[PDB]
>>> print(open('target19.cif').read())   # mmCIF, C-alpha atoms and all ligand atoms
data_structure
loop_
_atom_site.group_PDB
_atom_site.id
_atom_site.type_symbol
_atom_site.label_atom_id
_atom_site.label_comp_id
_atom_site.auth_asym_id
_atom_site.auth_seq_id
_atom_site.Cartn_x
_atom_site.Cartn_y
_atom_site.Cartn_z
ATOM 1 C CA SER O 2 -26.583 20.478 5.098
ATOM 2 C CA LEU O 3 -26.008 17.259 7.090
ATOM 3 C CA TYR O 4 -22.626 16.896 5.412
ATOM 4 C CA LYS O 5 -20.181 19.423 4.029
ATOM 5 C CA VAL O 6 -17.254 18.214 1.847
ATOM 6 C CA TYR O 7 -14.222 20.265 1.267
ATOM 7 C CA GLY O 8 -12.931 19.012 -2.068
ATOM 8 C CA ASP O 9 -11.996 19.344 -5.735
ATOM 9 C CA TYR O 10 -14.177 17.290 -8.082
ATOM 10 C CA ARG O 11 -11.115 16.573 -10.272
ATOM 11 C CA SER O 12 -9.342 14.906 -7.388
ATOM 12 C CA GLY O 13 -9.861 11.136 -7.409
ATOM 13 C CA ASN O 14 -9.710 11.117 -3.584
ATOM 14 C CA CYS O 15 -12.592 13.630 -3.477
ATOM 15 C CA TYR O 16 -14.555 11.835 -6.228
ATOM 16 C CA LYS O 17 -14.718 8.808 -3.896
ATOM 17 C CA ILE O 18 -16.765 10.934 -1.461
ATOM 18 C CA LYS O 19 -19.025 12.520 -4.174
ATOM 19 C CA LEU O 20 -19.752 8.984 -5.434
ATOM 20 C CA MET O 21 -20.424 7.544 -1.942
ATOM 21 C CA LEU O 22 -22.749 10.395 -0.931
ATOM 22 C CA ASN O 23 -24.811 10.001 -4.151
ATOM 23 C CA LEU O 24 -24.929 6.179 -4.000
ATOM 24 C CA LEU O 25 -26.418 6.544 -0.473
ATOM 25 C CA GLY O 26 -28.788 9.420 -1.267
ATOM 26 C CA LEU O 27 -27.157 11.616 1.396
ATOM 27 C CA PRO O 28 -27.519 15.391 1.188
ATOM 28 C CA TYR O 29 -24.379 17.553 1.138
ATOM 29 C CA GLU O 30 -22.874 20.905 0.582
ATOM 30 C CA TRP O 31 -19.614 20.966 -1.506
ATOM 31 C CA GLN O 32 -17.007 23.628 -0.756
ATOM 32 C CA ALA O 33 -14.545 23.841 -3.718
ATOM 33 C CA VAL O 34 -10.878 23.946 -2.569
ATOM 34 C CA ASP O 35 -8.158 25.169 -4.963
ATOM 35 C CA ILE O 36 -4.910 23.449 -3.946
ATOM 36 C CA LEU O 37 -2.728 25.405 -6.517
ATOM 37 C CA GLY O 38 -4.337 28.602 -5.232
ATOM 38 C CA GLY O 39 -3.152 27.897 -1.718
ATOM 39 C CA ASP O 40 -6.504 26.852 -0.088
ATOM 40 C CA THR O 41 -5.081 23.804 1.788
ATOM 41 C CA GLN O 42 -2.215 25.766 3.410
ATOM 42 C CA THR O 43 -4.281 28.290 5.368
ATOM 43 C CA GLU O 44 -4.790 28.027 9.144
ATOM 44 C CA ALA O 45 -8.474 27.879 8.553
ATOM 45 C CA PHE O 46 -7.988 24.737 6.432
ATOM 46 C CA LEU O 47 -5.314 23.207 8.753
ATOM 47 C CA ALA O 48 -7.768 23.377 11.674
ATOM 48 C CA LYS O 49 -9.995 20.998 9.647
ATOM 49 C CA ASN O 50 -7.207 18.716 8.434
ATOM 50 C CA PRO O 51 -3.736 19.309 9.933
ATOM 51 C CA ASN O 52 -2.332 17.077 7.229
ATOM 52 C CA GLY O 53 -3.295 19.798 4.673
ATOM 53 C CA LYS O 54 -5.261 17.538 2.239
ATOM 54 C CA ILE O 55 -8.690 17.216 0.698
ATOM 55 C CA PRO O 56 -11.160 15.632 1.023
ATOM 56 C CA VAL O 57 -12.448 16.660 4.457
ATOM 57 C CA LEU O 58 -15.995 15.751 5.613
ATOM 58 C CA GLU O 59 -17.409 18.182 8.135
ATOM 59 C CA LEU O 60 -20.408 17.065 10.245
ATOM 60 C CA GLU O 61 -23.186 19.213 11.682
ATOM 61 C CA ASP O 62 -21.413 19.720 15.044
ATOM 62 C CA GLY O 63 -18.238 20.918 13.315
ATOM 63 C CA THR O 64 -16.332 17.616 13.709
ATOM 64 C CA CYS O 65 -14.043 17.149 10.634
ATOM 65 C CA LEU O 66 -13.027 13.662 9.393
ATOM 66 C CA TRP O 67 -10.245 13.350 6.865
ATOM 67 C CA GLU O 68 -8.613 10.605 4.742
ATOM 68 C CA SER O 69 -10.919 9.717 1.860
ATOM 69 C CA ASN O 70 -10.832 6.021 2.673
ATOM 70 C CA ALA O 71 -11.748 6.649 6.387
ATOM 71 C CA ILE O 72 -14.578 8.891 5.212
ATOM 72 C CA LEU O 73 -15.841 6.034 2.994
ATOM 73 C CA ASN O 74 -15.891 3.759 6.077
ATOM 74 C CA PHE O 75 -17.851 6.326 8.171
ATOM 75 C CA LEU O 76 -20.484 6.862 5.376
ATOM 76 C CA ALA O 77 -20.845 3.172 4.445
ATOM 77 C CA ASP O 78 -20.917 1.562 7.877
ATOM 78 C CA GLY O 79 -24.189 -0.406 8.252
ATOM 79 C CA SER O 80 -24.867 -0.329 4.476
ATOM 80 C CA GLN O 81 -24.516 -2.912 1.745
ATOM 81 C CA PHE O 82 -21.184 -1.155 0.799
ATOM 82 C CA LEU O 83 -19.267 -2.304 3.909
ATOM 83 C CA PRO O 84 -19.575 -5.972 5.045
ATOM 84 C CA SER O 85 -19.981 -6.529 8.789
ATOM 85 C CA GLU O 86 -18.445 -10.108 8.732
ATOM 86 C CA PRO O 87 -14.872 -9.727 10.039
ATOM 87 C CA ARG O 88 -13.173 -11.605 7.166
ATOM 88 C CA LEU O 89 -15.038 -9.615 4.503
ATOM 89 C CA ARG O 90 -14.648 -6.235 6.334
ATOM 90 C CA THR O 91 -10.905 -7.037 6.557
ATOM 91 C CA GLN O 92 -10.718 -7.754 2.840
ATOM 92 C CA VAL O 93 -12.420 -4.454 2.009
ATOM 93 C CA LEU O 94 -9.785 -2.655 4.237
ATOM 94 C CA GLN O 95 -7.026 -4.688 2.561
ATOM 95 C CA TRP O 96 -7.952 -3.319 -0.854
ATOM 96 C CA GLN O 97 -8.234 0.226 0.599
ATOM 97 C CA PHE O 98 -4.734 0.203 2.247
ATOM 98 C CA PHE O 99 -3.420 -1.384 -0.961
ATOM 99 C CA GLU O 100 -5.005 1.517 -2.858
ATOM 100 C CA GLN O 101 -3.287 4.162 -0.663
ATOM 101 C CA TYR O 102 0.181 2.376 -0.637
ATOM 102 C CA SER O 103 0.517 0.548 -3.979
ATOM 103 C CA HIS O 104 -1.850 2.263 -6.462
ATOM 104 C CA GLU O 105 -2.740 5.917 -5.730
ATOM 105 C CA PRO O 106 0.920 7.228 -5.622
ATOM 106 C CA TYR O 107 1.526 5.829 -9.147
ATOM 107 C CA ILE O 108 -1.880 6.201 -10.901
ATOM 108 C CA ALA O 109 -2.805 9.546 -9.359
ATOM 109 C CA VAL O 110 0.676 11.104 -9.625
ATOM 110 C CA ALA O 111 1.189 9.970 -13.282
ATOM 111 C CA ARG O 112 -2.194 11.567 -14.094
ATOM 112 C CA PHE O 113 -1.081 14.773 -12.271
ATOM 113 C CA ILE O 114 2.168 14.873 -14.255
ATOM 114 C CA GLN O 115 0.497 14.241 -17.610
ATOM 115 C CA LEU O 116 -2.916 15.919 -17.299
ATOM 116 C CA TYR O 117 -1.996 18.820 -14.893
ATOM 117 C CA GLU O 118 1.558 19.521 -15.972
ATOM 118 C CA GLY O 119 1.565 18.334 -19.564
ATOM 119 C CA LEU O 120 4.274 15.776 -18.994
ATOM 120 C CA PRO O 121 7.252 17.964 -18.605
ATOM 121 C CA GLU O 122 10.569 16.584 -19.729
ATOM 122 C CA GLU O 123 12.002 17.149 -16.245
ATOM 123 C CA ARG O 124 9.459 14.593 -14.840
ATOM 124 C CA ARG O 125 9.636 12.052 -17.653
ATOM 125 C CA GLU O 126 12.019 9.574 -15.919
ATOM 126 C CA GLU O 127 9.830 9.800 -12.708
ATOM 127 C CA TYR O 128 6.731 9.267 -14.844
ATOM 128 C CA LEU O 129 8.100 6.141 -16.470
ATOM 129 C CA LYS O 130 8.906 4.654 -12.994
ATOM 130 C CA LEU O 131 5.305 5.505 -11.886
ATOM 131 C CA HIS O 132 4.139 3.643 -14.942
ATOM 132 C CA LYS O 133 6.052 0.506 -13.967
ATOM 133 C CA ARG O 134 4.754 0.520 -10.393
ATOM 134 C CA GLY O 135 1.165 1.491 -11.392
ATOM 135 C CA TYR O 136 0.980 -1.334 -13.873
ATOM 136 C CA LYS O 137 2.112 -3.737 -11.146
ATOM 137 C CA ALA O 138 -0.914 -2.616 -9.054
ATOM 138 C CA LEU O 139 -3.308 -2.914 -12.052
ATOM 139 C CA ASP O 140 -1.935 -6.423 -12.542
ATOM 140 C CA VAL O 141 -2.977 -7.359 -8.994
ATOM 141 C CA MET O 142 -6.493 -6.004 -9.580
ATOM 142 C CA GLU O 143 -6.701 -7.821 -13.024
ATOM 143 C CA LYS O 144 -5.976 -11.163 -11.389
ATOM 144 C CA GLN O 145 -8.583 -10.652 -8.740
ATOM 145 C CA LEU O 146 -11.298 -9.340 -11.096
ATOM 146 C CA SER O 147 -10.522 -12.292 -13.492
ATOM 147 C CA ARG O 148 -12.039 -14.460 -10.700
ATOM 148 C CA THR O 149 -14.700 -12.361 -8.883
ATOM 149 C CA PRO O 150 -16.785 -9.537 -10.263
ATOM 150 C CA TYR O 151 -15.936 -7.017 -7.474
ATOM 151 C CA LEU O 152 -12.755 -6.885 -5.420
ATOM 152 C CA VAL O 153 -14.427 -8.532 -2.445
ATOM 153 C CA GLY O 154 -16.606 -11.346 -3.803
ATOM 154 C CA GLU O 155 -19.977 -10.636 -5.341
ATOM 155 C CA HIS O 156 -20.864 -7.400 -3.620
ATOM 156 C CA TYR O 157 -19.885 -3.832 -4.660
ATOM 157 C CA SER O 158 -18.165 -2.216 -1.664
ATOM 158 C CA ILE O 159 -16.067 0.785 -0.675
ATOM 159 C CA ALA O 160 -12.975 -1.156 -1.832
ATOM 160 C CA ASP O 161 -14.286 -0.873 -5.428
ATOM 161 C CA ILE O 162 -15.254 2.784 -4.873
ATOM 162 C CA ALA O 163 -11.711 3.498 -3.493
ATOM 163 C CA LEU O 164 -9.990 1.848 -6.530
ATOM 164 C CA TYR O 165 -12.475 3.043 -9.207
ATOM 165 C CA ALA O 166 -11.859 6.707 -8.460
ATOM 166 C CA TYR O 167 -8.440 6.912 -10.058
ATOM 167 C CA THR O 168 -8.467 3.689 -12.068
ATOM 168 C CA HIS O 169 -11.349 4.965 -14.250
ATOM 169 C CA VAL O 170 -9.136 7.992 -15.288
ATOM 170 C CA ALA O 171 -5.856 5.991 -15.470
ATOM 171 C CA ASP O 172 -5.766 6.795 -19.167
ATOM 172 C CA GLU O 173 -5.237 10.477 -18.237
ATOM 173 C CA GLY O 174 -1.903 9.386 -16.674
ATOM 174 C CA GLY O 175 -1.000 7.285 -19.780
ATOM 175 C CA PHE O 176 -2.024 3.822 -18.604
ATOM 176 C CA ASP O 177 -3.500 1.666 -21.315
ATOM 177 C CA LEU O 178 -6.471 -0.079 -19.799
ATOM 178 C CA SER O 179 -7.084 -2.074 -23.006
ATOM 179 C CA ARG O 180 -4.392 -4.386 -21.515
ATOM 180 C CA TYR O 181 -6.849 -5.030 -18.607
ATOM 181 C CA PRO O 182 -10.164 -6.437 -19.752
ATOM 182 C CA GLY O 183 -11.079 -7.689 -16.346
ATOM 183 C CA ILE O 184 -10.605 -4.083 -15.000
ATOM 184 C CA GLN O 185 -12.644 -2.702 -17.900
ATOM 185 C CA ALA O 186 -15.547 -5.129 -17.241
ATOM 186 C CA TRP O 187 -15.442 -4.210 -13.531
ATOM 187 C CA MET O 188 -15.487 -0.458 -14.367
ATOM 188 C CA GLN O 189 -18.620 -1.307 -16.444
ATOM 189 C CA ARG O 190 -20.269 -3.006 -13.449
ATOM 190 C CA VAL O 191 -19.482 -0.082 -11.137
ATOM 191 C CA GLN O 192 -20.816 2.394 -13.654
ATOM 192 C CA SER O 193 -24.007 0.353 -14.039
ATOM 193 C CA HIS O 194 -25.144 0.899 -10.515
ATOM 194 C CA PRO O 195 -28.447 2.782 -10.842
ATOM 195 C CA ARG O 196 -27.259 5.603 -8.494
ATOM 196 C CA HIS O 197 -23.757 5.860 -10.040
ATOM 197 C CA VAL O 198 -22.543 9.509 -10.702
ATOM 198 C CA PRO O 199 -19.556 10.520 -12.817
ATOM 199 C CA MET O 200 -16.597 12.499 -11.540
ATOM 200 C CA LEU O 201 -17.583 15.611 -13.432
ATOM 201 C CA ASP O 202 -21.275 16.513 -14.148
HETATM 202 N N1 LIG Q 1 -4.370 9.901 1.840
HETATM 203 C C1 LIG Q 1 -5.247 11.088 1.491
HETATM 204 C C2 LIG Q 1 -4.564 11.755 0.253
HETATM 205 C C3 LIG Q 1 -5.419 12.925 -0.118
HETATM 206 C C4 LIG Q 1 -4.668 13.859 -1.091
HETATM 207 O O1 LIG Q 1 -3.384 13.552 -1.529
HETATM 208 N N2 LIG Q 1 -5.251 15.009 -1.541
HETATM 209 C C5 LIG Q 1 -4.536 15.878 -2.474
HETATM 210 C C6 LIG Q 1 -5.504 16.145 -3.657
HETATM 211 S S1 LIG Q 1 -5.889 14.548 -4.581
HETATM 212 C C7 LIG Q 1 -4.239 17.118 -1.748
HETATM 213 O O2 LIG Q 1 -5.168 17.587 -0.922
HETATM 214 N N3 LIG Q 1 -3.073 17.724 -1.905
HETATM 215 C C8 LIG Q 1 -2.874 19.010 -1.215
HETATM 216 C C9 LIG Q 1 -1.478 19.168 -0.640
HETATM 217 O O3 LIG Q 1 -0.805 18.152 -0.401
HETATM 218 O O4 LIG Q 1 -1.025 20.322 -0.368
HETATM 219 C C10 LIG Q 1 -6.685 10.666 1.176
HETATM 220 O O5 LIG Q 1 -6.870 9.582 0.559
HETATM 221 O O6 LIG Q 1 -7.610 11.465 1.504
HETATM 222 NA NA NA Q 2 -7.454 7.626 2.534
#
>>> encode(input="target19.cif", output="structure tokens", more="lines below")
Ligand SMILES: N[C@@H](CCC(=O)N[C@@H](CS)C(=O)NCC(=O)O)C(=O)O
Ligand code: NA
Amino acid sequence: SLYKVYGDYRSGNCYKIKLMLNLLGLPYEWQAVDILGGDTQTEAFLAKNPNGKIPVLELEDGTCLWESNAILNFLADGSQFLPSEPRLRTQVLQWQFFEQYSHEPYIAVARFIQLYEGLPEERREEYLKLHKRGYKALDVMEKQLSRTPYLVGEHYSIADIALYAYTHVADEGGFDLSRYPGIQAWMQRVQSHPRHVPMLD
């Protein structure tokens, strides 16, 4: 009612918003969008996000906010999930831009190729390159989480939420997280939050 999400629960970018809404106890309606079925290419959808992607968060007055990581900032602002100190707020945004530039296009797309398309031969060379670049991003996270328990110091924030969404299913794109015990112990910490919800119910 206060919030309406247009989304697909299987999409890591949309899972970020399901998780944030539940962690904050905020009420929502979920409108399932079928991207293969054409739902993001209609004019009705493009009026909500001209970039043609989910998730979209629609507010009570009809205003539509898009980009999953910008939606996390809107929901979290003033909460314990988004620091107000400029250096710490900047570090949270650093991990979020890093997630959109250096991580998502390798982790999410490898998972699409393998889980959604069954790893076709025609995409195998592409897939192996995504593996090399995705592992490079997991290596960055492993070094940080070998030193602090969340990406930004001692406090769970929307940087962790942004990176947990696809990292927790990186095995579905053929990444072997047993190589990353610091990532695995962080996934455990995220998942231990008393209001945590899984991607699928
Ligand atoms: N940078 C966007 C990416 C969102 C995105 O790539 N959504 C995919 C599903 S995970 C999508 O809507 N694809 C539809 C299309 O491109 O036609 C965000 O983080 O919200
Ligand atoms: Na985003």
>>> closest_residue(input="target19.cif", among="O:10, O:98, O:151, O:29", to="ligand NA 2 (chain Q)", atoms="only C-alpha atoms and all ligand atoms")
O:98
>>> residues_near_point(input="target19.cif", point="(-11.8, -0.8, -15.6)", cutoff="12 Å", atoms="all atoms listed in the file", output="NGL selection string")
:O and (139-140 or 142-143 or 146-147 or 150-152 or 161-162 or 164-172 or 176-192)
>>> atom_distance(input="target19.cif", atom1="atom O4 of ligand LIG 1 (chain Q)", atom2="atom CA of residue 74 of chain O")
23.2 Å
>>> resolve_selection(input="target19.cif", expression="the PyMOL selection byres (((chain O and resi 115) around 10) and not hetatm)", output="count of residues only")
18
>>> residues_near_point(input="target19.cif", point="(-22.6, 15.4, 13.5)", cutoff="12 Å", atoms="only C-alpha atoms", output="MDAnalysis selection string")
chainID O and resid 2:5 58:66 75:76
